[PDB]
Amino acid sequence: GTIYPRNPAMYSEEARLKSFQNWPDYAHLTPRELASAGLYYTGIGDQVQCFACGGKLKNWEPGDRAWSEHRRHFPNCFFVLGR
Ligand SMILES: CN[C@@H](C)C(=O)N[C@@H]1C(=O)N(Cc2c(OC)ccc3cc(C(=O)O)ccc23)c2ccccc2OC12CCOCC2
Ligand SMILES: [Zn+2]
């Protein structure tokens, strides 16, 4: 087709949810919320990445939401625009 996910293996929400097995205990956003916004854990710090656009998000701050940070930084993501 005309679009293509950066990371096809993380197409699935369940696969993204599994990536957070070792999400650090200081990272306040839940794997549920992050996976639901297309994000999976890169294994490094609190850095997640979008399966669709490939955008990365890290150094999360209080009051950050997954979807709002995803949209803010990566507004042309097909996942963000398809939601
Ligand atoms: C406050 N909410 C958090 C999620 C946030 O916005 N984090 C940014 C954040 O996640 N981004 C997104 C982002 C980008 O947004 C367009 C672009 C490239 C990025 C590259 C890396 C990386 O090499 O690891 C990480 C993030 C990138 C960001 C955007 C613009 C300037 C700096 C950015 O980096 C930080 C802010 C400083 O520490 C590194 C992460
Ligand atoms: Zn995205």
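Cβ atoms come from the backbone with ideal geometry, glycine included; neighbour counts cover every protein chain shown. Please treat every number below as a calculation from the coordinates, not as lab data.
Any idea which of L57, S68, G1 is furthest toward the positive side of the dipole for the chain, if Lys and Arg beta-carbons carry +1 and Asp and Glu beta-carbons -1?
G1
Could I get the Rg over Rh figure for the chain? Both from C-alpha atoms, Rh via Kirkwood, rounded to two places.
Across the chain, the Cα-based Rg/Rh ratio is 0.94.
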